[PDB]
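Worksheet for the structure shown next.
These values consider heavy atoms only, across backbone and side chains, with no hydrogens, waters or symmetry-generated copies. By convention in this document, chain letters (A, B, ...) are assigned in the order of the sequence lines, proteins followed by strands, and residues within each chain are numbered from 1.
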Amino acid sequence: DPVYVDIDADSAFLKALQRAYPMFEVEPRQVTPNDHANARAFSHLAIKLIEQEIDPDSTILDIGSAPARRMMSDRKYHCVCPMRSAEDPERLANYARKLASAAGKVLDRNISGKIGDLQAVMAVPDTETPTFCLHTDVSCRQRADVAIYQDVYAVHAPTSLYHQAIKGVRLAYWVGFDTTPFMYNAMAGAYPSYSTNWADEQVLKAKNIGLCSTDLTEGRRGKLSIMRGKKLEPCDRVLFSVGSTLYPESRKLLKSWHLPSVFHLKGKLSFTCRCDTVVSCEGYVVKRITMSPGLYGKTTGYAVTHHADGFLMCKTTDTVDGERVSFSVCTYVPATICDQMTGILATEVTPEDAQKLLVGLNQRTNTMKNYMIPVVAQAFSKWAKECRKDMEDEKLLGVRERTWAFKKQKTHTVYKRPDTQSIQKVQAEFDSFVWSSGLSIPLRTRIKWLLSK
Amino acid sequence: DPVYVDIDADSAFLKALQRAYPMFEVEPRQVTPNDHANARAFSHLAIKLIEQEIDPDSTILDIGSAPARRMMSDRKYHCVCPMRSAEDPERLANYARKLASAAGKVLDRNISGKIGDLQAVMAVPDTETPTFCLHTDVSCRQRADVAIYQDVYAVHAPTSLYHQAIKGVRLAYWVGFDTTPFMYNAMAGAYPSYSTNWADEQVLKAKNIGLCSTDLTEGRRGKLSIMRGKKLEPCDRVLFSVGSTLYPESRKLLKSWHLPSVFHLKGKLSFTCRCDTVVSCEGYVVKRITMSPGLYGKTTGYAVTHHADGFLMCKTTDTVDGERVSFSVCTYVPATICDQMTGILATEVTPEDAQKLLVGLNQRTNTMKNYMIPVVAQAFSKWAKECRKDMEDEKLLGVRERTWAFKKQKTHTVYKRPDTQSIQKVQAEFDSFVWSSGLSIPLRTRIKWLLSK
Amino acid sequence: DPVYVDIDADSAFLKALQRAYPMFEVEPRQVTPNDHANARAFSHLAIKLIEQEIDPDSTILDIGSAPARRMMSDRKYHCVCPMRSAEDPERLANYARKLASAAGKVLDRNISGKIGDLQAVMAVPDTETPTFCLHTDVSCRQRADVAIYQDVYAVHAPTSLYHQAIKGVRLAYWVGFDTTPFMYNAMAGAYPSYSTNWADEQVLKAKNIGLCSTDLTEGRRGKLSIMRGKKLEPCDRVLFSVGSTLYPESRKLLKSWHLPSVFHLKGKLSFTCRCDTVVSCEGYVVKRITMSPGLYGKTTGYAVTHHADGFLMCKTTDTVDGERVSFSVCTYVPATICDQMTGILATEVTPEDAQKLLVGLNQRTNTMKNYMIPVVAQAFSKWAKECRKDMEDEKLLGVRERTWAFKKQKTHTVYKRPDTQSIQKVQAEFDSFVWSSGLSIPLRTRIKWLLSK
Ligand SMILES: Nc1ncnc2c1ncn2[C@@H]1O[C@H](CSCC[C@H](N)C(=O)O)[C@@H](O)[C@H]1O
Ligand SMILES: Nc1ncnc2c1ncn2[C@@H]1O[C@H](CSCC[C@H](N)C(=O)O)[C@@H](O)[C@H]1O
Ligand SMILES: Nc1ncnc2c1ncn2[C@@H]1O[C@H](CSCC[C@H](N)C(=O)O)[C@@H](O)[C@H]1O
Ligand SMILES: [Zn+2]
Ligand SMILES: [Zn+2]
Ligand SMILES: [Zn+2]
């Protein structure tokens, strides 16, 4: 009845975990010095909660599975494992090892059936079995009614969901990092509670952001290159660092999971679908999606995010490979600090004074990580200034002057305070939806040898 | 005898709930991290109180019902469910699932009768049964004497009430958000105790209101567009955000439920009707309506609101898509803070000093939400100024000078203090009152399969 | 079940050791005054943890072994010992002595088998035995599935790993000093928690770095030499001092162990490999490597380091053999000190004031070693200055001016704060991979005499 997580007993993250999962009873039990422990604990609790929601006798598709995680579960999983990633052969070997080690000692689980299914798949690679197969999300043929996506960032969401729906699935879950900073189109950012940093490929040679590296120079003035760059804009390629584990990602596929509250899937068959956010903790979320046959209602095309902690986006100046430039950066701020800055921001404050005030509030133990304090101090200072400029240039009610052109004002900070909401316009009507094994003989031989014993 | 609500045991909202429902005994029992928990708790208690008022042996029409909420009740409900919303098929499937799960375990409730009625409706979609039907409020033919509207914003109130009255209904209840801010014709606003924000569609690209989103710019002066806008006025389309759930609404239909204390319905038959407010809690209300055959008395056409907390409407300046404009905003303020500002407002005070005083009063735990403090500080500052201008320009008693024209003074704030009343002029004489299933074969097949087992 | 380490009972390093190995229970038991005790304790615990991971019945290759360390172990080691180092004959004699001393007193270990294997190898020097051989990593022919490298810096990593893989090894471990400072290309540096200093061969006659020596002079101005040096750049030869033990090293071979997260080995057979960091303590690390047959996925060529303590690289001025020059130096800083300097660095601070503040923070017992304090104080002072220069020269968003050349700014400090990550670009596709005993008759005779008794 208790749930055990692998974190230190004196961690501050434990209270946030307890507030996010009020239906459980959370115990710390540390066994390793993992440098991304908080992220793993959140994923573990999310799987527990999802299993508690649904009822047994239903079969669950596990898209992009890691089979060894599902091996001591009593529910009915069908693991979809294509070998498209360099980490997959080791996961498969680990599954076979775990299976062979406990073959008679454990009896409640369908251990023998799992061994037989794996052997049958190794013999002929194009066969479906109740617990395993080697197809993709589009080419699997097992029928079910629940689908799960755990830390899956590599598929286009509407195509995948349509292919699950034409097979009888009515309910789906998605677990992962919040997609909001990519809808605002930032160049780099942080998830500080999870020791995670990310950056665009064009700024990996910066100096003072979370994920970067550069070197010492004396500063020659020449650097004469005829190739005129002249624009610094975000591109599709992004790099993620979770603790010390590296993952590359694509901006398009990340944006495709920022789904509106109502949408329609219109193909040979038609469906009406909804998406809600049911767990949200300092930048990690769980989403629940339902799908129904036929067309009902109408769509607006709006997606909403609720901010429990503060969210910040701002302009910063740095050197990239020695050349001075400006670009945008985003982060999260705890609610108590935001509440304690309300009085200060009524006036104009310099960045240095803001930094001293924030250090005073923080270190009274650390509420927030120190390496983000200088950028936050700068953002708060610009926001406070811009507000004053609005108060000194009043307009007339009900009137929009355009004498025959109007000017845009400059904006250097966006600041979403606790208990406010973001709203963005996205696509809501989808009509367009458009095989070889990939295994190799030596790996098959290794698995067969490791199993047949 | 206790009533259990899904909120945290240390919440401040519990005392307000206890004061609003003095006839019950309210216990906190938290099971989920719902981000709009307070609104759900208020609706739950409202249904309990309404059921305690009326007597059994009467049949209750449930307009726009969600049937699974009425399934474990001992009273006699007739649920009117047309499938006009994208959320409806999932509600129907959930009802059928709940019914099938507990088919012999629960015996007191008319479980078997409900199953039979649902099956009979699925067979032929144009039949009335004692517990269910697929018609609208105008085309249902079941006769009753009580009607209930729970969070229903999609109908025109006098037409709907007339169609209920010609069928023998004598008493009706309405539960929902207070309609007063839409009678004052504001452009955006907040219900802060319920984590709720709303906005006109024309200002969704603002920067510093509750529900909005914008981006960074350097401020080009060109933006040369020949299309002269030249007026910024409210329009019919509005967006509501309750926690993170989104709802679109129409201004006309919202205004139609702000009913006067006495009115007449004059058709083929005639009725005389009254409307009173019986519960009011920080912007959420319950209204009771009675109807009688024949015409009696006379009407004035006035509607009254009593303010227990302070109500504010004021002019603010912002940037929308980068262009600087002014428009009106409304909110609610707790009574103790209003009482503690009485001495300060005797003189002229700057907005910055007002903001510092409000922060001092608030954080001594938080009485009011911090993200509204800057706008409130501005409003109080303008009100205090305008009062002084009245005191320095006295007129003569009993005289209205119009030398041959008179000027209007500028007004930037309206402030209704605790224990005052608003009064507005509305229509009170109504004479004008003016079908296919909408279900689909695959959904019917799914429901039949899910039921027949 | 306790693990015993040879350190003083009042040492501060014990808490760091306990945090790095949370699965053990660490007891101090001092028996010698070793001046590099901390390094030996870390290596001991690393071997314990690795043995706990893997399962028995597997045979372990020990590359560049010291056999006497493996003599009282119950696992199955095959020690690869070529006599290429001046320390090797004494290690071999010590092994034979240890074996002969306990020949009947100890029975659980394969003592008799080990004696027989050593004698058989002495008779014919080109024979493999289950526990011993005299080949190199490339010319050994024993088959196994685990390989271990303990403090091995003399081989080129991809060639060695390929030769282990074509023999059936699937898992490998590497224990040693962190390779990050050599990827930044520094000229000298320190690992202060382990009493270790290192330097390039060209600066051994400096005055104020960790490892150096010089003499007194009155300063003649002549020193007329026609040989124009004119550049001071790092070269391949480096010297390491661990306590008072000296080791020479090569920069190329050290860099070759800074491996990316995914890579491919493409020869006659092909493999896909991964490298993760599983233990990290103040500059000492353990790396785990897996290899699989066949080609899967794709590579990026990036390597990542996670910083738990602060890392610093900076420019310094010294005299070398009496001539004044400048070059770069690197070190590590504890996290609490870094956190306590956050407020000070918002302004410009002189080096002297920084030094006084650091002395105040440190001596309140010593958190960090005093001989590094002057260089750290200088680095912090320059970093704080450079940040200000960025804040006073803002650019426009999204724009990279190159009017037709751009200038590089000067950078004198790189500072990686706690909870940030370094990222470097390295090679990830490897295709190119290209014997006499070396023992002598008198040594063989000595070993035979010492054994035959
Ligand atoms: N089109 C596709 N259909 C199904 N799986 C896919 C896919 N494309 C990539 N994948 C798989 O998705 C996985 C993402 S990483 C695996 C995450 C895993 N669910 C976990 O819990 O750790 C990869 O193994 C990759 O092989
Ligand atoms: N003209 C009409 N007559 C009856 N119901 C209507 C209607 N127009 C819309 N509705 C229904 O009113 C519902 C409003 S949302 C449902 C609210 C529900 N009573 C609850 O407690 O949660 C929708 O399901 C919609 O189908
Ligand atoms: N090509 C090679 N293959 C295997 N061992 C080698 C080698 N080149 C050098 N060595 C050996 O590697 C050793 C490094 S010093 C020995 C370290 C030892 N593992 C310990 O725990 O203390 C030397 O003894 C040297 O003989
Ligand atoms: Zn399948
Ligand atoms: Zn009906
Ligand atoms: Zn050998």
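Ring-plane geometry between A/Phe430 and A/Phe263 is classed as perpendicular, the angle between the planes exceeding 60 degrees on a 0 to 90 degree scale with a lower cut at 30. In this structure, C/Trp257 and C/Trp174 have parallel ring planes: the angle between them is below the 30° cut-off, well short of the 60° mark. Classified by interplanar angle (parallel below 30°, tilted 30° to 60°, perpendicular above 60°), the ring pair A/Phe177/A/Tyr194 is perpendicular.
Put simply, the side chain of A/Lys266 does not reach to within 4.5 Å of the side chain of A/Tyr162, judged on heavy atoms. Looking at C/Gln164 and C/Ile63, their side chains come closer than 4.5 Å, going by heavy atoms from C-beta outward. For the pair C/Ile60 and C/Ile54, the minimum side-chain heavy-atom distance is below 4.5 Å. In this structure the side chain of A/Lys255 never reaches within 4.5 angstrom of the side chain of A/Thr179, judged on heavy atoms. Under the 4.5 Å side-chain criterion, counting only non-hydrogen atoms from C-beta, C/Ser261 is not in contact with C/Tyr302. For the pair A/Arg109/A/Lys114, a side-chain contact is recorded, criterion being any heavy-atom separation below 4.5 Å from C-beta on. In this structure the side chain of A/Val169 never reaches within 4.5 angstrom of the side chain of A/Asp145, judged on heavy atoms.
C/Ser160 and C/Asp137 share a side-chain donor-acceptor pair at under 3.5 Å. Residues A/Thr32 and A/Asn34 have side chains that never bring a donor and an acceptor to within less than 3.5 angstrom of each other. Residues C/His258 and C/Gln424 have side chains that never bring a donor and an acceptor to within less than 3.5 angstrom of each other. Residues A/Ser139 and A/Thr136 have side chains that bring a donor and an acceptor to within less than 3.5 angstrom of each other. Under the 3.5 Å distance criterion, with hydrogens and angles disregarded, a donor-acceptor pair is assigned to the side chains of C/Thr299 and C/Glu429.
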Inset, instruction - Any chance you could lay out the side-chain contact (heavy atoms from CB on, under 4.5 Å) test for A/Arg70 and A/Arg75, step after step, and finish with the verdict? - result: CA-CA 9 Å; A/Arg70 313 287 180 238; A/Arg75 303 289 226 273; over 6 Å; no
Inset, instruction - Go through A/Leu439 and A/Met122 one step at a time and tell me if the side-chain contact (heavy atoms from CB on, under 4.5 Å) criterion holds. - result: CA-CA 10 Å; A/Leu439 205 39; A/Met122 291 290 95; 3.7 Å; yes
Inset, instruction - Before giving the answer on side-chain hydrogen bond (donor to acceptor under 3.5 Å, both in side chains), spell out for A/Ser250 and A/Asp236 the whole-Å C-alpha distance, their side-chain angles and the decisive distance to 0.1 Å. - result: CA-CA 5 Å; A/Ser250 164; A/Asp236 200 56; 2.9 Å; yes
Inset, instruction - Start with the C-alpha gap between A/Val238 and A/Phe240, add the side-chain angles, then the distance that decides, and say whether side-chain contact (heavy atoms from CB on, under 4.5 Å) holds. - result: CA-CA 7 Å; A/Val238 154; A/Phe240 256 82; 4.1 Å; yes
Inset, instruction - Evaluate the side-chain contact (heavy atoms from CB on, under 4.5 Å) criterion for residues A/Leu99 and A/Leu118: first the C-alpha distance (whole Å), next the side-chain angles of each, then the deciding distance (0.1 Å), finally the verdict. - result: CA-CA 10 Å; A/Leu99 269 182; A/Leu118 198 36; 4.1 Å; yes
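Rounding to the nearest 0.5 Å gives a distance of 8.0 Å between NE2 of A/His135 and OG1 of A/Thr127. Within the model, atoms OG1 of C/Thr300 and CZ of A/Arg237 stand 12.5 Å from one another, a figure rounded to the nearest 0.5 Å. With values rounded to the nearest 0.5 angstrom, A/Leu451 atom CG is found 11.5 Å from A/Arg446 atom CZ. Distance check: A/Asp35 CG to A/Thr245 OG1 gives 6.5 Å after rounding to the nearest 0.5 Å. Here CG of A/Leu239 is found 6.0 Å from CD of A/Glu201. Values are rounded to the nearest 0.5 Å. Going from atom OG1 of C/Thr59 over to atom CD of C/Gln142 covers 5.5 Å, rounded to the nearest 0.5 Å.
With salt bridges taken as basic N to acidic carboxylate O contacts below 4.0 Å, one links A/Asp200 and A/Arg251. Classification of A/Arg91 and A/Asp88 as a salt-bridged pair holds, one side-chain N sitting under 4.0 Å from a carboxylate O.
Of all non-hydrogen atoms in A/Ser440 and C/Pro293, the two that sit nearest each other are OG-O, 4.2 Å. When all heavy atoms of A/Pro260 and A/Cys275 are compared, the closest pair comes out as O-CB, 3.9 Å. Of all the heavy atoms in A/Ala154 and A/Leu253, the pair that sits closest is O-CD1, 3.7 Å. For A/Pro67 against A/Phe132, the heavy-atom pair with the smallest separation is CG-CE1, 4.2 Å. Nearest heavy atoms, C/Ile148 versus C/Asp62: O-OD1, 4.0 Å. Contact record, C/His264 with C/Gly297: NE2-O, 4.1 Å, taken as the closest heavy-atom pair.
Judged by distance alone, with hydrogens and angles left aside, the side-chain atoms of C/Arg274 form no donor-acceptor pair with the main-chain N or O of C/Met291 at under 3.5 Å. In this structure, C/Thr272 contributes its side chain and C/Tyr296 its backbone to a donor-acceptor pair below 3.5 Å. Although no hydrogens or angles enter the test, the distance criterion places no donor-acceptor pair under 3.5 Å between the side chain of C/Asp276 and the main chain of C/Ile289. A donor-acceptor distance shorter than 3.5 angstrom exists from the side chain of A/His78 to the backbone of A/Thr129, with no hydrogens or angles considered. The backbone N or O of A/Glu233 sits less than 3.5 Å from a side-chain atom of A/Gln202, completing a donor-acceptor pair. Side-chain N or O atoms of A/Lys167 include one that pairs as donor or acceptor with a backbone N or O of A/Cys140 at under 3.5 Å. Under a 3.5 Å cut-off, the side chain of C/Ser58 and the backbone N or O of C/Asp55 do form a donor-acceptor pair. Of the possible donor and acceptor atoms, none in the side chain of C/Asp431 sits under 3.5 Å from a partner among the backbone N and O of C/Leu265. In this structure, A/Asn197 contributes its side chain and A/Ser241 its backbone to no donor-acceptor pair below 3.5 Å.
The six-membered or imidazole ring of A/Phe182 lies near that of A/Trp198, with a centre-to-centre distance under 6.0 Å.
Figure legend: A/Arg288 and A/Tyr173 shown without cation-pi pairing, the cationic atom not lying both under 6.0 angstrom from the six-membered ring centre and within 45 degrees of its axis.
Applying the 6.0 Å contact sphere to NZ of A/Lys205 captures no more than 12 heavy atoms from other residues, nucleotides or ligands.
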